[PDB]
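# Architecture at a glance
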Amino acid sequence: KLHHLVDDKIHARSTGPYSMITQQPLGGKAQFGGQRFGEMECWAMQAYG
Amino acid sequence: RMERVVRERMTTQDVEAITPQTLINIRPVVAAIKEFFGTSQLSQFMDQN
Amino acid sequence: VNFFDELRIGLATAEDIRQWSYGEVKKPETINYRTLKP
Amino acid sequence: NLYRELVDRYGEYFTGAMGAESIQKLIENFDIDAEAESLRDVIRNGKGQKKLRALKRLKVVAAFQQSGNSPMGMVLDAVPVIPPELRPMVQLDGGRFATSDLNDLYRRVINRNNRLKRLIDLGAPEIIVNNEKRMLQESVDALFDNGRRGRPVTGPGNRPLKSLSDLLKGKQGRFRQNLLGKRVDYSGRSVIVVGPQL
Amino acid sequence: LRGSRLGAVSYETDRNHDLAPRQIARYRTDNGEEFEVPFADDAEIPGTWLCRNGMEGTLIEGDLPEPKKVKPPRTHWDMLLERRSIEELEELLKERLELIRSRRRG
Amino acid sequence: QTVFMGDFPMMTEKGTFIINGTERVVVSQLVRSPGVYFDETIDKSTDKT
Amino acid sequence: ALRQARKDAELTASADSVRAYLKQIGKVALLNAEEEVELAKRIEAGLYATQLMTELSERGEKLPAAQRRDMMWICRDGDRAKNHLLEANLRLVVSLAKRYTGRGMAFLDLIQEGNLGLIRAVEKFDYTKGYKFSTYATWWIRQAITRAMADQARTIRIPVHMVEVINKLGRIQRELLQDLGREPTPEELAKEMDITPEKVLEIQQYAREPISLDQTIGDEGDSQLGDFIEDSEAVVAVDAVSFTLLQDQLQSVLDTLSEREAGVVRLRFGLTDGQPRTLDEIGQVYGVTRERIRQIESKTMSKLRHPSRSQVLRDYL
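Sequence-order numbering is used: residues on each chain count from 1 as written, possibly diverging from the entry numbering, and only residues with coordinates are shown. As they are written, the chains are lettered A onward and the ligands numbered 1 onward, keeping that order. Shown here is a subset of chains from a larger assembly, with all values computed for this subset only. Where side-chain values are given, they derive from all heavy atoms of the structure, hydrogens and water being excluded. Residues with missing side-chain atoms are left out of burial classes, side-chain pairs and their counts.

Deposited coordinates in this entry are attributed by the record to cryo-EM, at a stated resolution of 3.4 Å.

The PDB entry annotates chain E as RNA polymerase-binding protein RbpA originating from Mycobacterium tuberculosis. Within the Protein Data Bank, this record goes by the title "Off-pathway Mycobacterium tuberculosis transcription initiation promoter complex (RNA Polymerase with Sigma-A, CarD, and RbpA)". Per its UniProt entry, chain E bears the Function comment "Binds to RNA polymerase (RNAP), stimulating transcription from principal, but not alternative sigma factor promoters." UniProt positions are given in the numbering used here, feature names are shortened, and annotations may be inferred rather than shown by experiment. As stated in UniProt under Subunit, the record for chain E gives "Forms a complex with the RNAP catalytic core and with free principal sigma factors."

As recorded in the PDB entry, chain D goes by DNA-directed RNA polymerase subunit beta' and comes from Mycobacterium tuberculosis.

Laid out in structure tokens, this is it:
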């Protein structure tokens, strides 16, 4: 039984803490934290229109 | 580092009044050991799964 | 307000720089050590 | 030695200086138009390496001629200071403090500028004043872009400091990401399994 | 790892429909710069003001109270004066004067 | 004299050090030994060793 | 040949700029006591001469041409001799400042504060006491260097007296670590310090210097630390909407109350003006007394404790 259990991985955020200098959401699941909607996803959403 | 300190203070200190207790500075040696065992990429956190 | 249409970068001059500012910082201190106020 | 013996014997007939103020005087006494036309003449008639050097220069000379930018802005007289909240001083849990690493560079610049002001007001030799001006130049250079001239201005632990350029530049600088990709609210993640009845 | 700017955000709602009335004063520096400051109505107007430029400016209104600025703290001349005497310095000045005399015309 | 040089961390029976209550392991490092190392390249502009 | 190589090396870039400053100061050699006496007499004579022209300029003299010209010469030569003395002892400034590096400040900053102390020392040098200049000047150099180190080497500026007590506490705890071996406990440090333990604790708190927001994530510098600090001073986005809903509900419950007495409560707690004002002001705006106001306050207050008004308001507290 490997040490990659779901309870360590499941994560969600509607609203939570915010970063310091920039006002972006925090991340890492230690706080609430959010997922990085990075550059490649920006391209993927641009391609959809 | 300690040798640099000790040979700096060999000259400035008066002769016929000194002893290795007064000459040896152990703070840089213990600082180096503590800096090695803590915050070094090779002094790794022990992985016990 | 939006209505963004152009962005013009350019070499700023001293008369522009001292027109942007609201003051002239002239002391190398940040916070009073005891009361923690700027 | 040569310079001092010309100036103390031939003090008239010319003006000669040293440092950034001399560059400012040069930019003051510089006709962009006639120089640009001379470069056009060189490209029109000359050839070879002189040609290529004329092409590269004109790419900068004609850039300053076409728009309304005076080239005086190349030298600097008043240095702007970024707002405090973009270089914050925060009190971490534990009564600690965290600078944003620009406060130290600004402190160095203000220290050296104030020291230069006091030196000039008091009456100081040419060597000390020129050394102070050179350090003011180096502090401003470190503020705008670390790692360019000399050595990177280091901090504790021999870590290079983060200047203003090192915040625009880099993969982690604002221009590339934290502007194109951002952490988002109303989001989550989880490990996935097969849903063959969906 | 919490953090704070040593400030507090007030959850108050804007009340632009009425504010306390605000007067406006015009300050002027020595080099012909003009600055407008919306000072409080029920408040004193300081004729000497530190303006947006950074130098000290005075009000365009004519008051001129002249705060009697302080003399220079200490000069080289003050420091030589306290460690010597006037006649000793006059003797040294005479010594240098006759020195350059004997240098020049012999 | 007999000068106190400082506390020296001691490895336990299991091959691990104990720093600040936590357990840490110093990982053996592979490095390039000092010496003389004669090596060759080829030059495509000249075809010589 | 060899001298040609010397002249070639004389013109190099030296991008370090401390090496450049050192090659610059290498131009000027040292001086001995008699020329120090000569320079001191020259600078004092020039300063007296400039004082005397300034005195004679005001309301004074149409000076003789030769006398006028030659104490102009004296006045310029005083500054010349001064300048020469400072150039002579800049290397002394460097020699005293070389040992204070490695902490707090940079090297050339310390050089420049030593130079300022040197100007101050040549300002207060007396030669009639018959002493070598270095003995007197070292005092001012060390004072200026330690002052500029004290009040210009921390992001949060600690004044000089607290810097001195912090340095003394650090030295004492260091020597006790080296000699006693056993780590100094704070109260014993207070005993040696001849101060109270709580003052020692406050000193230990004040000495703490700020880390950077651009260092290690937790252990290594993968991500700047400033990307893992929350913001307690921020809109949490549930407080704002909850606060607005509280506003509307409190206004509704106040409206369901009686007429003008709910409004007296509104003024008393300042729900529209922003300031509370007192019974004098409520009476002034209404034309009534103060005891009636307090009775109205108590009567209105009693009803809002009753559940129908409280049930839609209790959850907010």
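On we go from here.
Now for the sheet that holds strand 1 (residues 43–45) of chain B. The pairing criterion for strands is at least two bridges between them, as found by DSSP. Secondary structure follows DSSP: runs of H or I at least 4 residues long count as helices, runs of E at least 2 residues long count as strands, and numbering of each begins at the N terminus. With respect to topology, three strands assemble into an open sheet ordered 1(B)-2(F)-1(F), the strand pairing being antiparallel. What marks the edges here is a single partner per strand, and that holds for strand 1 of chain B together with strand 1 (17–19) of chain F. Averaged over all neighbouring strand pairs, the angle between strand axes comes to 50°, with direction disregarded. Whether two residues are in contact is decided by their heavy atoms, any of which lying within 4.5 Å being enough. Here, axes are lines fitted to C-alpha atoms. For helices the fit covers the stretch in contact, and angles between N-to-C directions go from 0 to 180 degrees. Sheet strands in contact with helix 3 (residues 27–37) of chain B are strand 1 of chain B together with strand 1 and strand 2 (22–26) of chain F, and its direction is about 90° off that of strand 2 of chain F.

The next point concerns helix 5 (residues 107–123) of chain G. Here a helix's expected span is defined as the number of its residues, less one, multiplied by 1.5 Å. Taking 1.5 Å of rise per residue, 17 residues should cover 24 Å, and helix 5 of chain G covers 25 Å from first to last C-alpha, within 8% of that figure. Partly exposed describes any residue whose relative accessible area lies between the buried limit of under 20% and the exposed limit of over 50%, with all areas from a 1.4 Å probe on protein chains only and scaled to the type maximum. In terms of burial, helix 5 of chain G is a largely internal element, 15 of the 17 residues being buried.

In this section: the arrangement of the chains. Ranking the 12 pairs of chains in contact by contact count places chains D and G at the top. One finds no contact between chain B and chain E; the C-alpha atoms of the two approach each other to within 19 Å at their closest. For chain D and chain F, which are not in contact, the least C-alpha distance works out to 19 Å.

We now examine the nonpolar core. The set of buried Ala, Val, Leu, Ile, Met, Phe, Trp, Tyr and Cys residues whose side-chain atoms join them within 4.5 Å is what this entry labels a nonpolar core. Membership of the largest hydrophobic core comes to 29 residues, with the highest contact counts inside it found for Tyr21(G), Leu90(G), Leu118(G), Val122(G), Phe133(G) and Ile141(G). Among the elements of the structure, helix 6 (126–144) of chain D together with helix 2 (18–25), helix 4 (65–97), helix 5 and helix 6 (133–151) of chain G are those that each provide at least two residues to this core. Take this core: its biggest share by element is eight residues, from helix 4 of chain G.

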